[PDB]
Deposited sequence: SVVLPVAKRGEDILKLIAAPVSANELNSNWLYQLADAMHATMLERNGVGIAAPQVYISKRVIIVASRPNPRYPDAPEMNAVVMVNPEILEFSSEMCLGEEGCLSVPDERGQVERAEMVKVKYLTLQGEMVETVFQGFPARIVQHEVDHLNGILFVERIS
């Protein structure tokens, strides 16, 4: 049910490298409750994704929802050299911007139950993925512009 407070540009939490979710957390009430609160917060703000650092949780959890998918410890395995520009805004940057992304990405991640999945995204979902994974590595979208 909970909507979490969101960190804004300037706050140091957003510039860290987020720590991996551990094995013990997989399939826990702990992790389901985190994911649920992140999903509620994204919904309240009209987001199509969210990353844990943005709700002060320095853990590698994102949600992508252009059904909403929860990804634990995601890794982008390859980017296409084919690029595309999209307009991005960020819940943490209250300034929107035109940003180049790989048109396609191959990604590996864990579900909340801890099952390994691998998949490709194209177009907008793929931009969402790259934006959220950027949050996990301490990067805001404005740093990908200039």
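**Student:** Which parts of the deposited sequence have no C-alpha atoms in the model?
**Tutor:** Seq positions lacking coordinates: 67 to 78, 107.
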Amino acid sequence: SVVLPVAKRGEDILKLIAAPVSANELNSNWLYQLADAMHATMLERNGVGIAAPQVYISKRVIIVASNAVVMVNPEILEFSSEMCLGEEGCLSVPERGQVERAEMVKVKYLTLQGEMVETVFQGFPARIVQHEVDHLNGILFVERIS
From here on, numbers count along this sequence of modelled residues.
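**Student:** Looking only at CA atoms, which has the higher mean B factor in the entry: 75 to 83 or 24 to 32?
**Tutor:** Averaging CA B-factors over each stretch, the winner is 75 to 83.
**Student:** Would you tell me which stretch averages the higher CA B-factor in the PDB entry, 41 to 49 or 57 to 65?
**Tutor:** Looking at the recorded C-alpha B-factors, 41 to 49 comes out higher on average.
**Student:** From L140, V6, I145, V3, which pick has the Cα B-factor that tops the rest in the entry?
**Tutor:** Spelled out: the listed residue with the top C-alpha B-factor is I145.
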